[PDB]
Every structure is written in C-alpha cells, then in structure tokens.
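Undergrad: Have a look at the structure that comes next, please.
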Amino acid sequence: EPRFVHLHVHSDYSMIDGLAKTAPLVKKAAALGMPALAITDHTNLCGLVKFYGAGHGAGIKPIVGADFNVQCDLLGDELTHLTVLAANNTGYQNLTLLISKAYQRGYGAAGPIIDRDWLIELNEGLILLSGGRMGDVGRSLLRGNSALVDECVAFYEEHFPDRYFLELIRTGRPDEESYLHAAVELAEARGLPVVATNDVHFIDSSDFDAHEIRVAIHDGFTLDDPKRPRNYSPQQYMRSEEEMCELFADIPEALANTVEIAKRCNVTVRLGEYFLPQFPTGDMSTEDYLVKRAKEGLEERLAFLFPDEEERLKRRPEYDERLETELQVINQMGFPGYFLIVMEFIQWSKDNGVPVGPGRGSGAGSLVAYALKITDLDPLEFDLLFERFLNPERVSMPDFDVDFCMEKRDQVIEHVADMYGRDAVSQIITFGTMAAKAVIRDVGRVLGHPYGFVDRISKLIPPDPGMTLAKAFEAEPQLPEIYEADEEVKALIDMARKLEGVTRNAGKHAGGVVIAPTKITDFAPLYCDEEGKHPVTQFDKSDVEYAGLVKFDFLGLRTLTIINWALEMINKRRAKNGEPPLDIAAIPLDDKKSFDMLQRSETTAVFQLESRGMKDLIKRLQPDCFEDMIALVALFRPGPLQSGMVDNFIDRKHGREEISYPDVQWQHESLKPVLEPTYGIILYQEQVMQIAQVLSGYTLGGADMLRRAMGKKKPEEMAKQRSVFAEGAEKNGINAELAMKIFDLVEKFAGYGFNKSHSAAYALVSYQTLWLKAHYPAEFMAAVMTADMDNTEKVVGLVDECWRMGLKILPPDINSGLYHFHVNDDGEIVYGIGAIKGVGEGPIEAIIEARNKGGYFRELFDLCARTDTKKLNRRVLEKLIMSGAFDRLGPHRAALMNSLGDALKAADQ
Ligand SMILES: [Zn+2]
Ligand SMILES: [Zn+2]
C-alpha cells in the first residue's frame, strides 16, 4: 500500500508552463508504482480525456483538478494561487463551471482569474490545497498579518470545513521552509490539516533547463536576461515515494493526507458512448419516428432505383429486410436519435447554401443512411456492409464523419442552436503545437540568436507536412554536418528536440461544432479570449467526441462547393428552357461518355483522380465501370504495387490472366458474387468479411469481429477463430484443408485491405465530377475556375485546359462580367472579374448594381462618371483597365491608362 501521491502536477496543457505531455506523466506515476495521479493544469481540463484514457491503460486512477489565480477584496489587486481537486462528480461539474466562469469573464495579461467568493456557490465536491507560500492564507503568514490569516481561514472554516489543506512544498525556493513552519503552527492551533506537494512541472530533474526555455519562449524573454523571472526550481520534477518520504519525514501526516485525499477523490468520465440530444418528433417514440422516415425514405429510393416498372416488387424484398435488420440494431443500441440528427442536418444544408464534404466514414454501408439521403449510394448494389459501420457485437459510436466549410460555420451554428438550443451548441477548441521549424525558431531566440543565424537551420527543415526533426536529419545531410561542427547549433538542436511537439496555445480557429443534450458546460468547460468571447469547449475534436458529444468538423475541401456552382449554373439554364432541375444524386453510374473520357485520362479537376501517377494507373487499368473506380484509390498505394497486387488486378481484368477466387492454387466457386466485381482479388475489407460469411457461415457481426481479430495479430485470438473457420467450413458444407490454406492468405490479404464504404463514398464524388465535366463541361469548368480565382496561374492554366477540351472562354468584359465565372446563352464561358487580382467582390458588386441600373458602359468615362467613387477606387479601375475589360468599347489598354486621369475628373462634377 502507498505512502505518497502527487496532487499538484502540470502538463504542457497549462500552456504558460509544463513540459511533459499527459500520457507520459501517467506512465511515470505508473513506473513509480503509484496508485493515482492528479494533473492540475492552470485553469483548464484540456487533457482530461487523454488523462483518463491513459490512466485506464496504465492502471492508474486519474484525479481531476486545476490550479487557479484568485482574487478577493481582502488582498486587493494581488493574485493568489489555489489548487482545486474534484472529490466527486458533483464537484467536477462545479470545477468545470469555475474554469468556465473565469474565462467567460474575460481577462488581461495575468490570464483568466477567479473570485475566491465564487467558491461560495461553486462549492460541493471540491477539495482545496492552500496554494502554499503563494496562497491567500500563505502570504498573510509571511506578511505576518494575523487578522488577515484568521479572516481567510474563517472563509475556509465556513465553506470547506474538512476540505481545506495547508499545502507544504520543499522545492528549495525562497520563503518555502519559512511558510511551512508558520503554516504547521497555524495547522496545530486551528485544527487544520496539512498535505505535501512537489508542485511538479516536469518528469525528471534534468528536464529543468528545457522547462526554463519552454517558459521563456512563452514569457518572451531571453534565457540569460537578468530580469527574466526565475519561478521554478530543478526540484520540481516528479519525485518517487521514497524521495518524498525522506524529504517530509519530519511531517508524515502531510504525506499521509496525500493518500487519504487520493482515496476521497473518484470522478467518472464516461468515454466511448454518446449523450445524444432530442430530435423533434411530436407524439412518437424516437425509435418509431425513425422507421416512419426510413420507410418513407426507402419508398422514394425504390421508386427511383426500380422505376414504376414493377420489377421492384421482385427485388423490393431484399431491401425491406435489410432496412429492418439495420433499423432494429439501430433502435436497440439507442442510436435512432443520431441518424435523425444527421439526416435533418444534411437536408438543411442542401436547402440552404451549405456544402458538406464527401466523408461518410463507413456509413455508406447503411441502407438506412441511404433511405434518409445521408448517403447517396445504394449499398446492396456494391456489397457495402452495415455491420462494418455499426456492429451490435461491439461497443461503438456511429460516426458519419460529416464536415462542412469553416466559412459557413456561423450559418450552421445558427441552425443547430435553433434545433437543439443556443447554449447546447458550441465550437471546438484547437491547440497550437511547436513543430520542428517553429521550435528551432523559438529556442534560437531564447538562446540569444538573431533571426538570421537561426533561419539558416530552419530553412534546412523540409516543408513536407508531418515533418519531424528526426526526419529532417535523415533527409538533409547538411544538418548532422553542421550539428557536429558547431557547439552552439548542437545545443540549439538538442534543446529543440526536447521541446518539439509541446503545446503553446489555443487557436486560431475552432475545429468544428459540437451538440450537447443540455447546456455545454454540463459536458465540457469553456475557453475564451481576453474579452470572454469566442467560446469553445476545452476538449478538442477527438476528446470531445470520446466524451460522447455529437460533433461536426470543419474542412477546406473546394470540390463539393464547386459542384454546387455547376448545378446552380446548370439549373439556371434549365429555368429558361422549362425542364426539371438536376438532382446530382440521380445520375447514372454507368455512363460511357464519362468513362470513355476517364480512360483518355482527362481527369484535371476530377476530384482525387487528377494527380500524375493516377493518370498512369488509369491508362494502364482502363476502368469501364464504377466498381473499379472504387478500386482506384485502393490500388494507388506502395503496399499493393510492392507486392505486385496491382499488376495482378490489371492482368486478370484484361485477360493476361484468367480470373481466380482468389488464388490459382487455392480457391472455391462459392465466392462468385463476392470476388467477381474485384475480378477475384481480395481488395476490400468487406470482402474479407463476406467470404467468412458464405464459406464459413459467420453472421457478418462475427465476420466483422474476425476482420479486427486479424488486425490484432496475436496468435491466441487468431487460433481461437482459426478453428472457428474450419468447422464453419463443413457445417454449411465445403472441402476443408483449403479453408485453412486460403485462410492464411486472406490473413495477409486483409493486411493491406481497404475500407470500401469509405472508398465508394469518395469515389462517388470523383464520378460526379467526371460526369459533369462530360455532359456540362462549360458550367463545371466555369465553377472550377471560380474556385481558383485567387491564383492567377491556376486560372491561366485552366483557360488553356478549357480551350483544349473545345470550350470557348471569353476574356474579361466589363459588360457581361460577373464576380464568379459563368456560362453565357451561347454556352461560352464568361470571365469572372473576381479573377483579376486586386479588384475584390465589393467593387464588382457595385459595378453590377450600376449595370443593372440601365445597361451601361459605352466606355470608361461612362463607368467612372457613373459608378460611385470610393466604392470603385482609381487603383481598382487600373486593375480593370489592365485586364482588358474595356477592350471592346474604347481605345486599348495603354491609351486608356493615360485617359484615366481625365475620366475621373469628369467622374465627379
Ligand atoms: Zn505552473
Ligand atoms: Zn501548480
């Protein structure tokens, strides 16, 4: 049984200090043979979820807490320290509110702050550590003011009677032992308990210098600056029980209370299971409302899939069943709410202006998702599996990985705030980390080096994303050279290896939106800027999800927004000619116009397929169906080619080899529908499941369990299932001895297998673009160019590509020009004026209001003299003059520039 437990500890999430990350701290506490650990960061619970995930895995009990800067009228302007532990969940939601109250209140340079009297209402379930020499009671003792001491203790004697402990710390800092003595006395005289703490900020004592620089970078000081605050001692590392016991041997009850307190603290953070909000229904069980909509959804989907042409009545069965099997699993696991929430949201986005990304996770395998128009692929057709997305044989959180554009966030939030409540909705925090370049940069400044000396090392660091220091040393031979040649450079880099990855701040921008069933502060604390605005959950995208809140991420995918513009343009065309608006989901997936094109390798602007190596793969492959469109992203990899698996796929398809299920030597003829569209090769994860379904007789639930069993790659569990495969073979009935011979291959073929529900989701959008480029190239290309206005080169290039595919693209004309590119009545592309760098949407809107205010622009003068000046700057006019927008009307550019002076004289009169 334990002698001591650390109740005051900081991680990098404190941001103003801390060095080690959450999990490592957990692992050190573990190695030290300790029962529990309390990470108490500065005014946040940012790593709380990670903390729990780690304590679970390491067999350590997490203790929730946080340090606070405090102010009470009693000490005036001066701030004091206070550590607050959550004994139970009543106190953990109080601690959350405190943190949220500090930030929501706004702050200045001292950071967020709490009023000690806030501890009056936010009280139950909390255990306070005095703060030590820096606490309100602590300072008074050193100041020697007895009345003050009595008056502070009177607050804790009243509001935290058995929950206030005098914190004793021996880190060899000024006025420590002095306070300790004074505190110990007060303790004995007032009957107050003490407790020992090491005020930990780093793991090993030798991490002290790395921490000092970590702080300095934040404090904006140079390391050797005399006026640089020196607030930490090397003793503030994570000490052992022994070290801590010998250290406080003269006051055991201080050590004993760490163990008592640790016992009194037990907070529950339920991870891995949703807390869904309530979907509008009326009088109907959320379960019931799902089926009414799912069935109505399947009605439409079936009418379309199988037109009145009542062949549907012969294939309708296979669907009605699937819907039920799913709908039952969904309703048993308490997820109908989720499916509805996403359904409705996706609908709202279609009606309003919001485009949502292609990512549906594994959801494309849900026939219910199909019915609710959450996914637009029919999973029956393409053997997309429901129990790969949501398997009742395991615990999981159904995620459609739905994301929208960060630009349209305020619009999205407004809608979910209407649907589920204003303070029920919130944005998600994002953290800044010191990457290789930036850490070299900042450690350089702190060690007193000019930006020139340092940038010479930062420039060696490759720009590749996810680049680490260790990789830079591998790729760039100059680094180890200069590292061993210069003692200063090597001290710089040694230190930057220690700080690499550390967290410096919050965004910047949020990661997305989250929706709680009640006010957000019930599930997470808030973070705010200096003025208590721009609130976000202190948990980030991953953590907030695991805490069991429904989230929607942001993304900068320009592909989906392009397709909107195309259809917009395309449908305006439909408006004049009196024909039905186009539903992009209703397009045929078998279209030779599109596929003949695909094979020509004309994929520029075709989402995903438009790289270089892909176009080589395409030529070599020659896909004629949507099936091998899905296979495309799965074949384009180092794994498949390194094994020749791709060279096989193409060879079979094209007759250079005869199909086999899967192998020439080992195979069976009952895998017909399973390995047919893949031409016999084991490509997708769903196929690994399906062979085990028909060959063995797995229930797809167990098939899914096996798929993962292989990924765990520990024989025990594989041997368990192995036998399950052999007897499974003979029951439904086949030849064994091959079930074992094919198994050890699918064992390996599942290795580089690919999630099909994920591929088809994206592949659909690739095809949707390929199609638009084939049947409406003008509208689509115009849309693509509207998406690239900000980049001139891309525009020029796209113009070439237009002319090459036989499109007529007209240069900037001030009379017909719009902000976005568009298509004229004759099917020609009109240059979007927004493409002219330095003009902007403002002036362009003005130019149009002017033009719609008559006809207009018989010449430059007619524009200048017309359009409101300063809505249209003279410099904005040069940009226009120089784009050749007036080339039709008056004289040409050079001659017009000279005339500009005059036209603006006349302009105002
Ligand atoms: Zn600190
Ligand atoms: Zn602290």
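Residue names in the structure tokens use chain letters A, B, ... in the order shown, residue numbers from 1 in each chain, and ligand numbers from 1 in the order shown.
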Could you pull out the alpha helix (DSSP H) residues of stretch 128-173 of chain A from DSSP and send them as a ChimeraX atom specification?

TA: /A:136-143,146-159

Undergrad: Would you save the residues from that selection as a CSV table (one decimal), in the first residue's frame, using C-alpha atoms?

TA:
chain,number,residue,atom,x,y,z
A,136,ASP,CA,-4.1,33.9,0.4
A,137,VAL,CA,-3.5,32.3,3.8
A,138,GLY,CA,0.1,31.6,2.8
A,139,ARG,CA,1.0,35.2,2.0
A,140,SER,CA,-0.6,36.6,5.2
A,141,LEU,CA,1.6,34.3,7.4
A,142,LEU,CA,4.8,35.7,5.7
A,143,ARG,CA,3.4,39.2,5.8
A,146,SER,CA,-2.7,37.7,12.0
A,147,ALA,CA,-6.1,39.2,11.4
A,148,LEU,CA,-5.8,38.5,7.7
A,149,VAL,CA,-4.8,34.9,8.4
A,150,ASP,CA,-7.8,34.5,10.7
A,151,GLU,CA,-10.2,36.2,8.2
A,152,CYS,CA,-9.1,33.9,5.4
A,153,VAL,CA,-9.2,30.7,7.4
A,154,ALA,CA,-12.6,31.8,8.5
A,155,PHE,CA,-13.7,31.6,4.9
A,156,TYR,CA,-12.4,28.0,4.6
A,157,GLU,CA,-13.5,27.0,8.1
A,158,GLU,CA,-17.0,28.0,6.9
A,159,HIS,CA,-17.2,26.8,3.3

Undergrad: If DSSP is run on the backbone, what residues of stretch 482-538 of chain A are strand (DSSP E or B)? A reply as a ChimeraX atom specification would be ideal.

TA: /A:503-506,512-515,526-527,536-538

Undergrad: Using only C-alpha atoms and all ligand atoms, find each protein or nucleic acid residue lying at most 12 Å from ligand 2; present the set as number ranges by chain.

TA: A: 6-11, 14, 16-18, 38-44, 65-69, 80-84, 129-135, 167, 169, 197-202, 231-232, 236

Undergrad: For the interface of stretch 840-893 of chain A with stretch 807-825 of chain A (cut-off 10 Å, counting only C-alpha atoms), please tabulate each contacting residue of stretch 840-893 of chain A alongside its nearest pair of atoms and their separation in Å to one decimal, rows sorted by chain and increasing number, as a Markdown table.

TA:
| residue | atom | partner | partner_atom | distance |
| --- | --- | --- | --- | --- |
| A:840 | CA | A:819 | CA | 8.5 |
| A:841 | CA | A:819 | CA | 6.5 |
| A:842 | CA | A:819 | CA | 9.5 |
| A:843 | CA | A:819 | CA | 9.8 |
| A:844 | CA | A:819 | CA | 6.3 |
| A:845 | CA | A:819 | CA | 7.5 |
| A:847 | CA | A:814 | CA | 8.4 |
| A:848 | CA | A:818 | CA | 7.6 |
| A:851 | CA | A:815 | CA | 7.5 |
| A:855 | CA | A:815 | CA | 8.3 |
| A:856 | CA | A:815 | CA | 7.4 |
| A:857 | CA | A:815 | CA | 6.8 |
| A:858 | CA | A:815 | CA | 9.0 |
| A:859 | CA | A:814 | CA | 9.8 |
| A:860 | CA | A:814 | CA | 9.8 |
| A:863 | CA | A:814 | CA | 9.6 |
| A:880 | CA | A:814 | CA | 8.2 |
| A:881 | CA | A:814 | CA | 9.6 |
| A:883 | CA | A:812 | CA | 6.5 |
| A:884 | CA | A:812 | CA | 6.4 |
| A:885 | CA | A:813 | CA | 4.3 |
| A:886 | CA | A:814 | CA | 6.3 |
| A:887 | CA | A:813 | CA | 7.7 |
| A:888 | CA | A:813 | CA | 7.8 |
| A:889 | CA | A:813 | CA | 9.6 |

Undergrad: Please determine, counting only C-alpha atoms, which residue among A:625, A:413, A:343, A:302 has the shortest atom-to-atom distance to residue A:400.

TA: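 That would be A:343, the residue with the smallest distance to residue A:400.
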
Undergrad: Determine, counting only C-alpha atoms, which protein, DNA and RNA residues have an atom within 10 Å of an atom of residue A:415; residues of the same chain fewer than 6 positions away are not included. Present the result as a ChimeraX atom specification.

TA: /A:345,348-349,409,421-422,425

Undergrad: One decimal, in Å: what's the spacing between atom CA of residue A:478 and atom CA of residue A:494?

TA: 16.1 Å

Undergrad: Where does stretch 679-720 of chain A meet stretch 756-768 of chain A within 10 Å, residue by residue, with the nearest atom pair and distance in Å to one decimal for each, counting only C-alpha atoms, listed by chain and rising number, as a tab-separated table?

TA:
residue	atom	partner	partner_atom	distance
A:683	CA	A:756	CA	8.7
A:684	CA	A:756	CA	5.6
A:685	CA	A:756	CA	6.7
A:686	CA	A:756	CA	6.7
A:687	CA	A:756	CA	9.0

Undergrad: Let me see the file: selected residues, N, CA, C and O atoms, as a PDB file, in the first residue's frame.

TA:
ATOM      1  N   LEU A 683      -9.468  -7.179 -52.271  1.00  0.00           N
ATOM      2  CA  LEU A 683      -9.146  -5.763 -52.231  1.00  0.00           C
ATOM      3  C   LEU A 683      -9.733  -5.120 -50.984  1.00  0.00           C
ATOM      4  O   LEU A 683      -9.025  -4.475 -50.210  1.00  0.00           O
ATOM      5  N   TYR A 684     -11.033  -5.313 -50.792  1.00  0.00           N
ATOM      6  CA  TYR A 684     -11.768  -4.596 -49.762  1.00  0.00           C
ATOM      7  C   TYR A 684     -11.893  -5.374 -48.458  1.00  0.00           C
ATOM      8  O   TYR A 684     -11.860  -6.604 -48.441  1.00  0.00           O
ATOM      9  N   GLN A 685     -12.041  -4.633 -47.366  1.00  0.00           N
ATOM     10  CA  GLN A 685     -12.254  -5.219 -46.053  1.00  0.00           C
ATOM     11  C   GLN A 685     -13.574  -5.981 -46.008  1.00  0.00           C
ATOM     12  O   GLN A 685     -13.676  -7.026 -45.367  1.00  0.00           O
ATOM     13  N   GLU A 686     -14.583  -5.451 -46.692  1.00  0.00           N
ATOM     14  CA  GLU A 686     -15.910  -6.056 -46.684  1.00  0.00           C
ATOM     15  C   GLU A 686     -15.900  -7.448 -47.304  1.00  0.00           C
ATOM     16  O   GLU A 686     -16.740  -8.287 -46.976  1.00  0.00           O
ATOM     17  N   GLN A 687     -14.959  -7.686 -48.209  1.00  0.00           N
ATOM     18  CA  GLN A 687     -14.849  -8.983 -48.860  1.00  0.00           C
ATOM     19  C   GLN A 687     -14.262 -10.014 -47.904  1.00  0.00           C
ATOM     20  O   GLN A 687     -14.659 -11.178 -47.918  1.00  0.00           O
TER      21      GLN A 687
END

Undergrad: Could you tell me how far atom CA of residue A:876 lies from atom CA of residue A:838, in Å and to one decimal?

TA: 6.8 Å

Undergrad: Identify, on the basis of only C-alpha atoms, every residue whose closest approach to residue A:786 does not exceed 12 Å; exclude the query and any residue fewer than 2 positions from it along the same chain; express the result as a VMD selection string.

TA: chain A and resid 558 to 559 561 to 566 569 779 to 784 788 to 792 794 to 795 798 to 799 818 to 823 829 to 836

Undergrad: Which one is closest to ligand 1: A:679, A:280, A:212, A:117? Count only C-alpha atoms and all ligand atoms.

TA: A:212

Undergrad: So which residues touch residue A:524 within 10 Å, counting only C-alpha atoms, skipping near sequence neighbours fewer than 3 positions away, as a list in words?

TA: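 My reading of the contact set: residues 45, 46, 48, 93, 96, 97, 100, 426, 516, 519, 520, 521, 527, 536, 537, 538, 539, 544, 547 and 549 of chain A.
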
Undergrad: If you measure from atom CA of residue A:358 to atom CA of residue A:318, what distance in Å do you get, rounded to one decimal?

TA: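 For atom CA of residue A:358 relative to atom CA of residue A:318, the distance reads 27.0 Å.
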
Undergrad: Here is a test: counting only C-alpha atoms and all ligand atoms, which residue of A:734, A:909, A:211, A:599 is nearest to ligand 1?

TA: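 The answer is A:211, which sits nearest to ligand 1.
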